[PDB]
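Next come the chains, spelled out residue by residue.
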Amino acid sequence: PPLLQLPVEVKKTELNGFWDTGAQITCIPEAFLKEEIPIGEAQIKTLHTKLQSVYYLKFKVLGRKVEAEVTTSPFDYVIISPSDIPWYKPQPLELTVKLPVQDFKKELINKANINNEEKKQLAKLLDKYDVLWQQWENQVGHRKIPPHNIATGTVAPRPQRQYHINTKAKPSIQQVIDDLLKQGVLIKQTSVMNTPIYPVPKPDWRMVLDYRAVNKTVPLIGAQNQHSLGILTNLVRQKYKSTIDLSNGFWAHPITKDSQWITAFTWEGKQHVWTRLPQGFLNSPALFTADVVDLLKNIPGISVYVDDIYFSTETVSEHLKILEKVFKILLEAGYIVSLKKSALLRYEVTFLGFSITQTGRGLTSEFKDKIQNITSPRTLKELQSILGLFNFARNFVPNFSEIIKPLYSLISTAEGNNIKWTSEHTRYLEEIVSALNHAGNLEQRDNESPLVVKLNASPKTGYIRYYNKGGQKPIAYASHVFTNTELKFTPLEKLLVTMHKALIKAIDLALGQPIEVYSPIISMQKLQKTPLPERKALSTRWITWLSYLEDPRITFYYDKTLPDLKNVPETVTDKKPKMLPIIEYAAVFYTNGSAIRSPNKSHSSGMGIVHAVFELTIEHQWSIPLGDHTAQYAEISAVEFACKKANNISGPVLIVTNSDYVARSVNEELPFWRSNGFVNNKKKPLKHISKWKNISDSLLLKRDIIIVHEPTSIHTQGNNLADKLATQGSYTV
RNA sequence: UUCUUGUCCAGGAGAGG
DNA sequence: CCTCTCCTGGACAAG
């Protein structure tokens, strides 16, 4: 049914003709009828339908003489009406492997979310446009446009040598190469330029065209390319929605004969060039996208990314009429639709890697399933893949840059191909995964309301929120942690750094609407002449913010409702520090004490600490008197002594007492004691407060110190040793 | 980095306090 | 010992 392309010769020149069932009269390029007398003028139905001069011409079609009425055309190919050659019978195209298009049709009607009476109407619609759907693997369409001149550079790239590639990919690529040859997309032709080719393994391979040398010479097309975050916010969220997929839209757009030389590549000795734009060329995405947005530009409320088309309506009848209208445009143009990659009439549909629901835009269930079954990384490539996968939800949850900063910092400390992974990093990953599992759907931007941003900043991170004026649910989130440069900023300066990032994404989300900024800033006019001593940044950062005030469309306010995060300190950590194996600690400290009754005196106490590095080795040992002091005082001074010695050694260190009280109190209350001025439950000064202060500050200077006490074990041997030393100290008095 | 969108890395070259 | 600028060469995700 998708017919075939047949050759045609006009004025003793070979050309390519397409048998068009919809064309009433045949058309020929303009450069061929310039020296001929027109019969007259007739209305010709195009997509732009103004009359052109009609002619009468004779030419050879497949070696057969024909005579017919013709009109001018800007194309480089010939269009042939079926009426003019009634002798010709259409021959269906033959490729390598056929698609279960009938099965694709049934999958789309079954997973369609309508009543049975509406399914019958849509089923007849799908059967009617059977020519539109891709019925063969690697099938390509024929877009009715003037070919693209892509060799628009003023200099040529150097030919590139081609290396050998894997043998198993070679026959998998040969199946698609032959398919593109039989459709006329690839022709075996030599050229001055040649580009390398390498294969990427498919999950079942694939072919990539390294076009770096070519792209370094071709200028950017004037058509800008859409941003994924912008089209997802600016789309309409109706109940009945559908997404259509154009299969190989790149290979449906022809290119001019004078530009095909640049698309050459050597495969198995022979050299091939492209009749249509290839994937990997610089401007090929922009021309495809710009073309498809132009056809459905008249159709309202419809987003479109590369090879996917999305729209939505509230009436199922309205949705059915749009599909017919869209299918007509795609068939008249020359595109083909992949049914296995498209979804129609679904309350919930996955568009651009995200699920569009009634509730709002949301993550894919398959994406959430992929998150949970993620192992801990082992190499740099593994970690990079994990980070890139996780990034999809940066706009979905605030504090994303906060919670992911350590992993991004771990990639910088990583050398070679191995990254230093710890048991604290895996707990971070499970926390990341759980936070992503507890995600929430966002709202969609509307063109009527002016965009409003709400931003607030802690001394460590700035937080951004995107809403609509009077809206409840936010459109997106944004977070940015301050760098080492930005952390030394004044809090006023940190708020402006946060506003900077908010305004770039706001411009992408503005949609030609005024922007309102809610922030803890009290005024902006006074910020223009801020005195220099209050500035901790340089002139450059201050100039960009001053430049933002000159924009009248945006306006700023002071939202006192915002939480005060500028002066709040970090809360007490409740996570228990995981312990490394005893061979991984730089040194291990065992501390002990003693109390002995003494002759009008209470005690004769002593201290006992040992320096041990790991087998186990006694590096240093200490035994000293303390005099008239309680047993608990000797223990606290013992673990204090080890904290100072631990401060001297680099790397994680482990300290153990034989007193559960000191170890338990240190882990459970030393942070609270640090803040409340070292007072007890009765709001009274602790005993040994000066000793607690020294332990406190030694714990802050070296935060990888782990205090714990467990006391027959491995630590029992040295606990007994340190206990022996405490007695000897006590006696020397 | 085939290319698009997005988040990052490194190298080099310099200039400023 | 910082900070900022602009050029080049790269990494990952899924389209």
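### Considerations on the overall build of chain A
- Across its full length, chain A holds 19 helices and 29 strands.
- Its C-alpha atoms give chain A a radius of gyration of 37 Å, more than 25% over the compact-globule value 27 Å for 733 residues.
- With the C-alpha coordinates of chain A rotated into their principal frame, the extents come out at 135 × 60 × 60 Å.

### Description of the packing of helix α1 (residues 101-110) against helix α2 (residues 116-128)
- Put simply, α1 and α2 touch, their axes get as near as 10 Å, and they point 155° apart. On the basis of their axis angle, the class for α1 and α2 is roughly antiparallel. Where α1 crosses over α2, the handedness of that crossing is right-handed. Every residue of α2 that contacts α1 at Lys105, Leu108, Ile109 and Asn110 is listed here: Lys119, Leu122, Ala123, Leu126 and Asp127.
- Grouping the amino acids of the contact of α1 with α2 by side-chain chemistry returns five nonpolar, one polar and three charged.

### Let's talk about the sheet that holds strand β23 (residues 515-519)
- Ordered in space as β22-β21-β20-β23-β24, the five strands form an open sheet in which the pairing is mixed. Two strands bound the open sheet, and with one partner strand each, they are β22 (476-481) and β24 (555-558). In this sheet, adjacent strand axes meet at a mean angle of 20° when their direction is disregarded.
- Across four bridges, strand β20 (residues 451-457) lies against β23 in parallel orientation. What sits directly across from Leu451, in β23, is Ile515.

### Details of the environment of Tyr240
- Residue position: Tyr240 is located in strand β11 (residues 240-245).
- Sequence separation between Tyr240 and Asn399 is 159 residues; the distance between their C-alpha atoms is 34 Å.
- Ignoring sequence-local partners within four residues, the contact set of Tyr240 consists of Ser312, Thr313, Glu314, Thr315, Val316, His319 and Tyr347.

### Let's talk about the sheet that holds strand β16 (residues 343-346)
- Strands sit in the order β14-β15-β11-β16 across an open sheet of four strands; the sheet is antiparallel. Where the open sheet ends on each side, the last strands, each with one partner, are β14 (302-305) and β16. Averaged over all pairs of adjacent strands, the angle between strand axes in this sheet comes to 10°, irrespective of strand direction.
- By the bridge criterion, four bridges tie β14 to strand β15 (residues 308-313) in an arrangement that is antiparallel. Bridge pairing in β15 links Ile302 to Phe311.

### Things to note about unusual backbone geometry
- Phi angles above zero are rare outside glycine, and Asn138 is one such case at about 60°.
- The topology assignment puts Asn138 in the loop between α2 and α3 (169-182).
- We note that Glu268 has phi near 55°; this positive angle belongs to a residue other than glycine.

### Looking at the packing of aromatic side chains
- Summarising the aromatic geometry, the rings of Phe18 and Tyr77 are spaced 5.1 Å apart at their centres and angled 55° between planes, so their arrangement reads as tilted.
- Seen in terms of ring centroids, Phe75 and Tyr77 are 5.0 Å apart; in terms of plane orientation they differ by 5°. Their pairing is stacked.
- These aromatic residues form a ring-pair network of at least three members: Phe18, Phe75 and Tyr77.
- The positively charged end of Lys454 is found above the aromatic ring belonging to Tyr467, 5.5 Å away from the centroid.
- Residue placement shows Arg535 over the ring face of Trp542; its charged tip is 4.6 Å from the ring centre.

### Regarding the environment of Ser547
- Tracing the sequence through the fold places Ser547 in helix α15 (residues 539-549).
- Put simply, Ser547 and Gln528 are 19 residues apart on the chain and 9.9 Å apart in space, counted from C-alpha to C-alpha.

### Some words on the pattern of salt bridges
- For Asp210, the salt bridge is made with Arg212, and the minimal N-O distance between the two is 2.7 Å.
- Measuring nitrogen to oxygen at the nearest pair gives 4.0 Å for the salt bridge that ties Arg445 to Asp446.
- The network of salt bridges with common partners includes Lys105, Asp127 and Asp130.

### Here we look at the side chain of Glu486
- Locating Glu486 in the fold gives a position in helix α12 (residues 484-487).
- Here the side chain of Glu486 touches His480 through a polar contact of 3.0 Å, side chain to side chain.
- Residues contacting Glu486, with those up to four places away along its chain left out, are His480, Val481, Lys494, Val497, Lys501 and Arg541.

### Comments concerning the packing of helix α13 (residues 491-510) against α15
- At a minimum axis separation of 11 Å, α13 and α15 run at an interaxial angle of 60°. When the axes of α13 and α15 are compared, the pair comes out oblique. Seen from above, α13 lies across α15 with left-handed handedness. Here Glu493, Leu496, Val497, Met499, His500, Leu503 and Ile504 of α13 come into contact with α15, specifically with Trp542, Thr544, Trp545 and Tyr548.
- Considering only residue class, the contact of α13 with α15 consists of eight nonpolar, two polar and one charged.

### Considering the side chain of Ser449
- By secondary structure assignment, the location of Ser449 is in the loop between α11 (423-437) and β20.
- From its side chain, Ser449 meets the backbone nitrogen of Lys469 in a polar contact 2.9 Å long.
- Once you skip the residues sitting within four places of it in the chain, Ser449 turns out to touch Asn468, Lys469 and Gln513.

### Side note on the environment of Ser479
- One can find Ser479 in strand β22.
- Along the backbone, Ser479 and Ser355 are 124 residues apart, and their C-alpha atoms lie at a distance of 23 Å.
- Setting aside residues up to four positions removed in sequence, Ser479 forms contacts with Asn399, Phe400, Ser401 and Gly462.
- A distance of 3.1 Å separates the side chain of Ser479 from the backbone nitrogen of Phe400, its partner in a polar contact.
- A distance of 2.7 Å separates a polar atom in the side chain of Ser479 from a polar atom in the side chain of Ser401.

### A word on the pairing of strand β25 (residues 587-594)
- With four bridges connecting them, β25 and strand β28 (residues 653-656) associate as parallel partners. Residue pairing in the sheet places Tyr590 in a bridge with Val656 of β28.
- As paired elements, β25 and strand β26 (residues 605-613) share seven bridges and run antiparallel to each other. Residue pairing for β26: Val588 is matched across the bridge by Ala612.

Criteria and cut-off values
- Residues numbered from 1 in each chain as written, not as in the entry; some residues may be left out.
- Chains lettered and ligands numbered in written order.
- Heavy atoms only, no water.
- Residues with missing side-chain atoms left out of burial classes, pairs and counts.
- Helix = DSSP H or I, 4+ residues; strand = E, 2+ residues; numbered from the N terminus.
- Rg over C-alpha atoms; globule rule 2.2 N^0.38 Å.
- Axes fitted to C-alpha atoms, helices over the stretch in contact; angles between N-to-C directions.
- Parallel < 35°, antiparallel > 145°, perpendicular 65-115°, else oblique.
- Left-handed = near helix turned anticlockwise from the far one by under 90°.
- Contact = heavy atoms within 4.5 Å.
- Nonpolar A, V, L, I, M, F, W, Y, C, P; charged D, E, K, R; others polar.
- Pairing = 2+ DSSP bridges.
- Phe/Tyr/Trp six-rings, centres within 6.5 Å; stacked < 30°, edge-to-face > 60°.
- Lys NZ or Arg CZ within 6 Å of the ring centre and 35° of its normal.
- Salt bridge = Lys/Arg side-chain N within 4 Å of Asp/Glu carboxyl O.
- Polar contact = N/O pair within 3.5 Å; in protein donor to acceptor, adjacent residues only side chain to side chain.

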